[PDB]
Number of protein chains: 2
Amino acid sequence: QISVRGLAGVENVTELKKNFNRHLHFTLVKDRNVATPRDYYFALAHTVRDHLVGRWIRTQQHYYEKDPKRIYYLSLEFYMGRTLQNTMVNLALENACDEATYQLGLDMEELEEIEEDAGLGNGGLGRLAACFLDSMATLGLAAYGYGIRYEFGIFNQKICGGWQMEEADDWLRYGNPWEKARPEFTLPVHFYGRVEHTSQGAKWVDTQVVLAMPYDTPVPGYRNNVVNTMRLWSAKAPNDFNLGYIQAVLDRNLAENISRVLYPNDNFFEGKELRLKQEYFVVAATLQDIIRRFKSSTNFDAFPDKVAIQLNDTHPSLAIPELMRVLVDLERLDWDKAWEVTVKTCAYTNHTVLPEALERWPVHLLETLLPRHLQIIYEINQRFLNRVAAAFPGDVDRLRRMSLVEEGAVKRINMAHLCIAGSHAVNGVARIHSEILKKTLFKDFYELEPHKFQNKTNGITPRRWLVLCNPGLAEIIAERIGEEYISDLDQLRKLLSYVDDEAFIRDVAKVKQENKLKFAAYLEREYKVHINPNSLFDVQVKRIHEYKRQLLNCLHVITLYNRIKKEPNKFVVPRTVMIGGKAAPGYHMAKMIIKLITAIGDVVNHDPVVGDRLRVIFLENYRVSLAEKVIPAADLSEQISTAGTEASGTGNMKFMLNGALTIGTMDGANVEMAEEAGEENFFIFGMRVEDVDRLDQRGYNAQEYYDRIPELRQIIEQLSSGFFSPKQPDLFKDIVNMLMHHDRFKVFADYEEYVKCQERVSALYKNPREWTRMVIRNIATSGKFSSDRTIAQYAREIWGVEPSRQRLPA
Amino acid sequence: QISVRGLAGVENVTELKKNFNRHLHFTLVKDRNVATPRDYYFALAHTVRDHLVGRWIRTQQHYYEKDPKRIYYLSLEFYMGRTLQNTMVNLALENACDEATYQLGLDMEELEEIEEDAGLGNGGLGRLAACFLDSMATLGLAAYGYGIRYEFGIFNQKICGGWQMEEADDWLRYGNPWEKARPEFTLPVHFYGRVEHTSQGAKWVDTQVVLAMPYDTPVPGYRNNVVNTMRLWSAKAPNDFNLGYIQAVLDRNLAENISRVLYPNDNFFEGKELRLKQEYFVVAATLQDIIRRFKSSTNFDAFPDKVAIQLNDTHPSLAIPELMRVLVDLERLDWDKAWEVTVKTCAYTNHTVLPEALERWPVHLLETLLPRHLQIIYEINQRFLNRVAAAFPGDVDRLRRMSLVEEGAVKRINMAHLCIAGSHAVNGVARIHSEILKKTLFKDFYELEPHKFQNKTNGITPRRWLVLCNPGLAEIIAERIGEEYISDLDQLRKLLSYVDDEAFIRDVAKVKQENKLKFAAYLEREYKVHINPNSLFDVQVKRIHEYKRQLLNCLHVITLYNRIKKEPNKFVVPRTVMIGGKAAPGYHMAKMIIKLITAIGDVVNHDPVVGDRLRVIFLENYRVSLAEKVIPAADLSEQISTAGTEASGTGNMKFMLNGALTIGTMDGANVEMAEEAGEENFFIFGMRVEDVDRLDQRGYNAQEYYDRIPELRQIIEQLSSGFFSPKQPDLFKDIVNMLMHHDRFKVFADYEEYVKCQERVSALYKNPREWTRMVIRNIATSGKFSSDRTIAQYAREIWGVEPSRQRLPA
Ligand SMILES: O=C(NC(=O)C1CCCCC1)N[C@@H]1O[C@H](CO)[C@@H](O)[C@H](O)[C@H]1O
Ligand SMILES: O=C(NC(=O)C1CCCCC1)N[C@@H]1O[C@H](CO)[C@@H](O)[C@H](O)[C@H]1O
Ligand SMILES: *Cc1c(COP(=O)(O)O)cnc(C)c1O
Ligand SMILES: *Cc1c(COP(=O)(O)O)cnc(C)c1O
C-alpha cells in the first residue's frame with residue numbers, strides 16, 4: 001500500500017504464502033477448519049522468523065572470523081514490546097506479508113494485536129536498553145544484550161473502582177516463537193559458602209550452585225542483514241539439588257525463583273535478598289560467557305581491546321568485583337594488573353539523582369551471600385581511599401564522603417561509588433543531568449578524576465517510534481525527502497524548507513487527524529469510552545511518580561472544570577485529557593494519584609454543563625504496545641517534572657517525532673529539545689534548577705501559594721471537603737496533607753505559570769495552520785534524538801569502536 | 001539392511017535428507033560446523049515428527065465424521081520410554097532414515113541413545129498403559145490416553161558405595177519434540193470450598209481454582225496410518241492467583257506443584273494430600289474434556305453408547321463421584337438416571353491383592369479438599385448397602401465388610417469398593433489373579449453381582465518388545481513365516497514346524513549370541529564392567545520388592561559361590577547373574593536388598609578361585625530403554641514371586657518373546673505361559689497358592705528350614721557374622737531378622753526346590769542344541785501374550801466396540 005513498507009514481489013508473496021501454510025500444518029498441527037486468529041498469528045511469526053535465521057547464523061560467524069571488539073550491554077531490564085512488526089520493518093517484509101496474508105483472507109493488523117508484549121522492564125531505563133539494541137545492530141556493532149528471562153514481566157494493570165489492581169503478566173503462556181533455548185550453554189552460578197585462605201590465594205568454597213540457562217533472541221538491524229543477539233538467563237536447579245524425596249524435588253522452586261519475576265518497584269531502593277541474587281546471577285553467568293568467548297579468539301592485557309562492558313545503572317555493578325575475582329582468584333593475575341584490566345573494560349551509566357533510588361546494600365547481606373565479593377570490595381575501597389588521601393591530604397571529611405562503605409546504624413556499600421571507582425567512563429543521560437552529577441552528587445569524584453565524566457544524551461529508535469507506529473507520517477516525509485532519514489534522522493532538517501508548503505501543511509494535519517480517529521475508535525472497541533476526535537488530545541503517559549507531577553496536571557484539569565462551571569456559556573478549546581501509567585505496587589501516594597485521576601473523571605465526564613468540552617480519561621495498562629498507539633494520536637505532550645529531577649526522559653522525544661507540541665519544564669532532555677527546535681516553538685514554563693535551589697535555601701512554604709491564589713484555594717477546599725468523593729469525604733486527605741506540608745517537588749510553586757502556559761497552548765490550537773507549522777518545526781529538528789546518534793557517541797567516546805552502515809551479504 | 005525395517009527408496013531418502021537439513025538450519029538454528037550429536041538427534045526427531053502430522057490431523061477428523069464410541073483410558077502413569085525408534089517402526093521409516101543419516105555421515109543408533117526416556121511410571125502398571133496405547137492405535141480404536149504431564153518422572157538411580165541414591169529426572173530439560181502444547185484448551189479444576197444447599201440442588205462454592213493445560217502426544221498404530229492421542233494435563237495458576245506483590249507471584253508454585261513429580265512409592269499406599277490433588281486434577285480435567293467432545297456430536301441416555309471410561313487401578317476412582325457430580329449438580333439429571341449412566345460408562349482394573357497397596361483415603365482429607373464428592377460417596381454407599389441388605393437379609397457383618405466407609409480410629413473410604421459399586425465391569429490381569437479376587441478380596445461383591453467380574457490376561461506390544469529391541473530375531477522369523485505376525489502374534493505358532501530345522505536352530509542361537517555380545521560391550525563402554533559372553537545370562541529385572549523375592553535369588557547366588565569354594569576344581573556352568581531395579585525411596589528393606597546384592601558382588605567378583613565362572617552385577621537405573629537392551633540378551637528369566645502375590649507380571653512375557661527360558665513359580669501369568677508352552681518347556685518350582693495357604697494355617701516357622709538345611713544355615717551365618725560386610729559386621733542384621741522371624745513371603749520355604757530347579761537349568765544349558773529347541777518352543781507359543789489380544793478382549797467384552805485392522809488412507 002505505502003512505499004516505506006517495502007516491495008510486494010510476486011515470488012516473495014507466493015513463497016510467504018506456502019511457508020505460512022507449512023507452519024500452520026507442521027508446526028502448529030492445525031488445518032484451516034479449526035484454526036483460530038492466534039494460530040494464524042503464530043504461523044506468520046514462524047514464517048517471518050525463518051527469514052531471520054540465515055542472517056543470524058552468518059552475522060555470528062562473521063564476528064568469529066573478523067574478531068572485532070565485542071560490546072556487552074548488561075541490564076536487568078529490556079523493555080522490548082512486540083517483535084513481529086519490528087522484524088518485518090527491519091527486513092523490508094511488511095508489504096509482502098500484508099499482501100500474502102490478504103490473499104489468504106486474513107487481516108495482518110488483527111494478527112499483530114495477538115502478540116504479547118515482552119514487558120521485561122519498568123519504564124525509561126528498560127526501554128532505553130531496547131532502543132539501544134536496535135541502534136547497535138543498525139550501526140553494525142558486534143553487540144550483545146545480556147539480562148534475565150523473567151517468567152513474569154511488569155504486571156498487567158486493571159482499574160477496579162478507580163483503584164489500580166495488579167495481575168501476573170504470564171507472557172510465556174502461549175510460547176515465545178522468537179527465542180531459542182540453548183541448554184547446551186548452561187553455566188553454574190555460586191551463592192553463600194565461605195572464603196578459605198591457602199598458600200596460593202583465596203578460595204570460595206562450600207557454595208550452593210544455581211544453573212544459568214541461556215535463551216537467545218535475534219535483534220535485526222535496519223535493512224543491513226545484521227542480526228545480533230540478546231541473551232537472557234533463566235535459573236535452573238541442579239539435578240542433585242537437596243538430594244524426604246518429594247519435598248526435595250518440590251524445593252527446586254527456591255533456586256528457580258531467581259528468574260521468576262521482575263521487581264516493579266521503580267521509586268524506592270528495596271534491599272531485598274532475592275533482588276541481590278538476581279543481580280549476581282546475571283553478572284556471574286554473563287562474565288563466564290564473555291571470558292569463554294574471549295579465550296576462543298592466556299593474555300588478559302588485550303582483554304580491554306576486545307571487550308567493553310556497559311553497566312546500565314548500578315544493577316549489574318557486581319561485574320566489577322566479579323571480574324576482579326575471576327582475574328585474581330582463578331586466573332592468578334596480580335591485583336594491580338587485574339584492576340587495570342577491569343577499569344579499562346567497564347563503563348557506568350547513571351539514570352537519576354534521587355537519593356532513594358540509589359543502591360546501598362547492607363554489608364550483612366553481602367557477607368552471607370557473597371563473602372568473597374565483600375572482601376574484594378573492601379580492598380578496592382582501601383586502595384581508592386589511599387589515592388584520595390594522597391590527592392587531598394588532610395581532607396578527612398572527603399574520605400568519609402567518597403568511601404564505598406557507608407557508616408551508620410547498618411553499614412552499607414554504595415554501589416554508585418563502586419561503579420565510579422571501577423569504570424573508565426561515567427555518563428549522565430542528558431546535558432543538564434551530566435552537569436548536575438559533576439556539581440552535586442559526584443562532585444568529589446569529578447574533582448579526583450575529571451576525565452571519567454561524560455554526557456551521552458538519550459535517544460529513541462526511529463524504526464519503532466516512527467516507521468512502525470506512524471506509517472502515515474513516515475510516508476508523507478518519504479515522499480518529500482526520500483527514505484534515507486530512517487537510518488540518518490538528521491535528514492529531517494530538510495523538512496524546514498516545507499514549513500510554508502500548503503500541500504505539506506495539509507498532509508501533516510491529515511495524518512494527525514487519521515491517527516486521532518483510529519485511537520478514538522480503539523478506545524470505544526476495547527474499553528467502551530466515548531471521546532471527541534476534534535478536541536485537543538492532551539497526553540501524559542509515563543510511570544506514576546511524585547517527581548513527574550501528574551498531580552500538577554490534575555490541578556490544571558480541575559481549574560478548567562471550575563472555570564467552565566463559573567462561565568458555562570463562554571467558549572473554550574475542547575480537550576481530551578489522557579493520563580496513563582503504572583504505579584509501583586508498594587507506592588501508596590502513586591496509587592492515591594491514580595484514584596484521584598479516575599475520581600476527577602467521574603465528576604467531569606458526567607457533568608451535562610461541560611458536555612464534550614472536557615473529558616478526563618485514565619489510560620489503563622500503559623505499556624510499549626499502547627505507547628505505539630497513543631503517541632501518534634497526541635497533540636500535546638506533558639513533560640512537567642520538577643526542574644532537576646527527570647534525568648532525561650525519552651517519552652518526550654517519542655512525542656516530538658510524532659507531531660505533538662510539548663508543554664514542559666527546563667528539565668532533562670527538554671532543555672536540548674527546546675534548543676534544537678527553538679524556544680519559540682516550545683511551551684516552556686516554571687522554575688529552572690537555579691530557582692528550585694533558591695526556594696530550598698529560603699524554605700518551601702506551600703501555604704503562601706494557597707493564601708495568594710484563589711483558584712488554587714478552591715481546588716484544595718474541593719479535595720478536602722469531598723467534592724470528588726461524596727461517599728468518602730476524607731479519601732484524599734493524604735494528598736492534601738502532602739501538598740500543604742511535605743511536598744518535595746513544589747507542585748504549588750509552578751501552578752500559576754503552568755496554567756498561563758496552558759492558555760497559550762489553547763490559543764495556538766485555535767489557529768490550525770500555525771499549530772501545524774510549529775509542529776513541522778518540531779519534527780524537522782528531532783534528528784538529534786535518534787538513538788543512532790546516541791550509540792555512535794558511546795561507540796566513539798567510550799567503547800573505542802567505529803560504527804558501520806555497510807550491509808552484510810544477504 | 002534388514003527386511004522388517006522397511007524400504008529405503010531413492011525419493012524417500014532424498015526427501016528425508018533435505019528435511020533433516022532444513023530442521024537443523026531453521027528449527028535448531030545451527031550449521032554443520034557447530035552442531036553436536038544432540039542437535040543431530042533433534043533434527044531427525046523433527047523430521048520423523050513431520051511424517052506423523054498429516055496422519056494425526058486426518059485420524060482425528062475421521063473420528064469427528066464417523067463419530068464412533070470413544071475409549072478413554074485414565075491412568076496416573078504412562079511409562080512410554082523413548083519415542084524416536086518406535087515412531088519409525090510404526091511408520092515403516094527405519095531403513096530410510098538409516099540410509100538418509102548414513103549418507104549425511106551420521107550413525108542413527110548413536111543418535112537414538114540421546115533421547116531421554118519419558119519415565120512417567122513406576123513399573124508394570126505404567127508400562128501396561130503404554131503397551132495398551134500402542135495396541136489400541138494398531139486395532140483402529142478411537143482411543144485417548146489421559147494422564148498427568150509430570151515435570152519429573154521416576155528418579156534416576158545412582159549407586160554410590162553400593163547404596164541407591166536418587167536424582168531428579170529432569171526429562172524436559174532439552175525440550176520434548178513429540179508433544180504439542182494446547183493452551184487454548186485449558187480447563188479449570190476446583191479444590192476446597194464448601195457445599196451450599198439451594199432450592200435447586202447443591203452448589204459447590206468458594207473454591208480455589210487451578211488450571212489444567214493439555215499437552216498432546218501422537219500415538220501411531222502399526223502401519224495403518226492411524227494416529228491417536230495421549231493427552232497429559234499440566235497444572236497452571238490463574239493470573240489473579242493470590243492477587244505483598246512479589247510473594248503472591250512466587251506462591252503460584254503451590255498450585256503448579258500438582259504436576260511437578262511422579263510419586264515413586266509403589267509398595268505402600270501413602271495418604272498424602274498432594275497425591276489426592278493429582279488424582280482429582282486428572283479426573284476433573286479429563287471428564288470436562290469427555291463431556292465437551294460428547295456434546296459436540298442434551299441427552300445423556302446415549303452417553304454410555306458413545307463413551308467408555310477405563311480406570312487403571314483406583315487412582316482415577318474419583319471419576320465415579322465426579323461424573324455423578326456433573327450429571328446431578330450441573331446437568332440436573334435425577335440421581336437414578338445419573339447412576340445408570342455412570343455404571344454403564346465406567347470399568348475398573350485391579351493390579352494387586354496386597355492390602356498395603358490399597359487406597360483408603362481418610363475421610364477428613366476428602367471433607368476438606370472435596371466436600372461435595374464426600375457427600376456423593378456417602379449417598380452411593382447408603383444406596384449400595386440398601387441393595388446388599390435386601391439381597392442378604394440379616395447378614396450384618398457383610399454390611400460392614402462391603403461398606404465403602406471403613407470404621408476405626410480414623411474413618412476411611414475404600415476406593416476399591418467405590419470402583420466395584422460404580423463400574424459395570426471389574427477385571428483382574430491374569431486368570432489366577434482374577435480367580436483370587438472372586439475367592440478372597442472381593443468375594444462378597446462377586447456374590448452380589450457375579451456378572452461384573454471378568455479376567456483380562458495382560459500382554460505386551462510386539463512392536464516395542466520384539467521388532468524394535470530385537471531386529472535380528474524379528475528378521476530370522478520373518479524369513480520363514482513372513483511379516484504378518486507383527487500385528488497377529490498367534491502366527492508364531494507356525495515356528496513349531498522348525499523345531500527340528502538345523503538352519504533355524506543355528507540362526508536362533510546366533511541371534512542370542514550377537515545380542516549377548518552387544519550387551520557385554522554396552523556394559524564395558526558405559527559402566528566399565530567386565531563379563532564373560534559365553535556364560536549363562538541369568539537376569540532378574542523389575543522393581544525391588546519383598547514379594548518379588550530378589551532375596552531368594554541372592555540365596556541361590558551365595559549357594560553357588562559356597563559350592564565353588566568347597567570344590568574349586570569341579571566344573572560348573574558359568575553364569576553372569578544380573579539383578580536390576582529401583583527401590584521406592586522410603587522402602588528401607590528394598591534399599592537393604594540393593595546393598596546386599598552389591599555386597600555379594602564385591603566378594604564374588606574379586607575371588608581369584610571363582611575366576612570367570614560366576615559374576616554378580618547390579619544393573620543401575622533400570623528403565624524402559626535399559627529393558628530393551630538387556631531382555632534380548634537374556635538366557636534365563638527369573639520370575640520367582642511367592643505364589644499368589646504377583647497379579648500378572650509383564651516382564652515375564654517380554655523375556656519369553658525374546659528367547660529366554662523361564663524359571664518361575666506358578667504365579668500370575670507364569671501359569672498361562674507354562675500352559676501355552678507346555679510345562680516340560682518351563683522351569684517350574686515351589687509352593688502353589690494352595691501350599692502357601694496350608695502353611696499359613698499351620699503357621700510359618702522359618703527356624704525349621706534353618707535347622708534342616710545345612711547349606712541355608714551357612715548362608716545365614718555368613719550374613720550375620722559379617723562375611724559380606726567386614727568393616728560393618730552387623731550391616732545385614734535387619735535382613736537376617738526379617739528372614740528368621742517376620743517373612744511374609746516365605747523365602748526359606750521355596751529355597752530347596754529353587755536350588756534343585758536351578759541345577760536342572762544348568763544341566764540343559766550344557767546341551768546347546770536342546771536348550772535352543774526349548775527356546776523355539778517358547779517363542780512359538782508366546783502369541784497369546786500380545787497386548788493386541790488383550791485389547792481385542794477389552795474391546796469386545798467390556799467396551800462394546802469392534803477392533804479393525806483396516807488401513808486409513810495415507
Ligand atoms: O527508568 C528509570 N528507572 C527505573 O525504571 C528504576 C529505578 C529504580 C530501580 C529499578 C529501575 N530511570 C529513567 O531512565 C531513563 C533512561 O535513561 C531516563 O530517560 C529517565 O529520566 C529516568 O528516570
Ligand atoms: O505396577 C504395579 N503397581 C504400581 O506400580 C504401583 C502400585 C501402588 C501405587 C502406585 C503404583 N502393579 C503391577 O501391575 C502390572 C500390570 O497389570 C502387573 O503385571 C503386576 O503383577 C502388578 O504388580
Ligand atoms: C518511552 C516509555 C517510557 C518512558 O517515558 P518517560 O516519559 O520518559 O518516563 C515509559 N514506559 C513506556 C512503555 C515507554 O514506552
Ligand atoms: C516390563 C517392565 C516392568 C514390569 O516387569 P515385572 O517383572 O512384570 O514387574 C517394570 N519396569 C520396566 C522398565 C519394564 O519395562
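Naming: A, B, ... by sequence-line order, numbering from 1 per chain. When reading the values below, keep in mind they use all heavy atoms of this one structure, side chains included, and skip hydrogens, waters and symmetry mates.
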Spacing of [X] atom [atom1] and [Y] atom [atom2] [to the nearest 0.5 Å]:
X	Y	atom1	atom2	value
B:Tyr144	B:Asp216	OH	CG	10.0 Å
B:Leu318	B:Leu418	CG	CG	7.5 Å
A:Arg127	A:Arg623	CZ	CZ	14.5 Å
B:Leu76	B:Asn312	CG	CG	9.0 Å
B:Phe269	B:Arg275	CZ	CZ	8.5 Å

Answer yes or no: is there an ion pair linking [X] with [Y], defined by an N-O contact shorter than 4.0 Å?
X	Y	value
B:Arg252	A:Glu151	no
B:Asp329	B:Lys203	no
A:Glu116	A:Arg82	no
B:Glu331	B:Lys295	yes
B:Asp170	A:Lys236	yes
B:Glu196	B:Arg372	no

* Please collect all salt bridge (charged side-chain N to carboxylate O under 4.0 Å, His left out) contacts where either partner lies in residues 181-193 of chain B, sequence neighbours excluded, each pair once. => A:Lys30-B:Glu184
Donor on one side chain, acceptor on other, [X] and [Y], under 3.5 Å:
X	Y	result
A:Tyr41	A:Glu110	no
B:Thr217	B:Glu179	no
B:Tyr72	B:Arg293	yes
B:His190	B:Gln208	no
A:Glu115	A:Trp178	yes

Looking at [Y], does the NZ or CZ of [X] lie under 6.0 angstrom from its six-membered ring centre and within 45 degrees of the ring axis?
X	Y	answer
B:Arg231	B:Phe185	yes
A:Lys582	A:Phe155	yes
A:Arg38	A:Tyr174	yes

Backbone N/O of [Y] and side chain of [X]: donor-acceptor pair under 3.5 Å:
X	Y	answer
A:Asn265	A:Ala584	no
B:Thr186	B:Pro183	yes
A:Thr598	A:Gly162	yes
A:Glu77	A:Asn122	yes

* Mind checking ring pair (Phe, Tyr, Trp, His ring centres under 6.0 Å) for A:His23 and listing every partner two or more places apart, or none if nothing turns up? => A:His46
* Would the B:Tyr280 and B:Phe191 ring centres measure less than 6.0 Å apart? -> yes
Could you go through residues 237-251 of chain A and list every donor-acceptor pair under 3.5 Å that involves a side-chain atom there, pairing it with any protein atom two or more places apart or in another chain?
{"unit_1": "A:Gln247", "atom_1": "NE2", "unit_2": "A:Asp251", "atom_2": "OD1", "d": "3.1"}

* B:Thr229, B:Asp289, B:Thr286 screened by side-chain hydrogen bond (donor to acceptor under 3.5 Å, both in side chains) with B:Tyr146, the one that passes -> B:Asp289
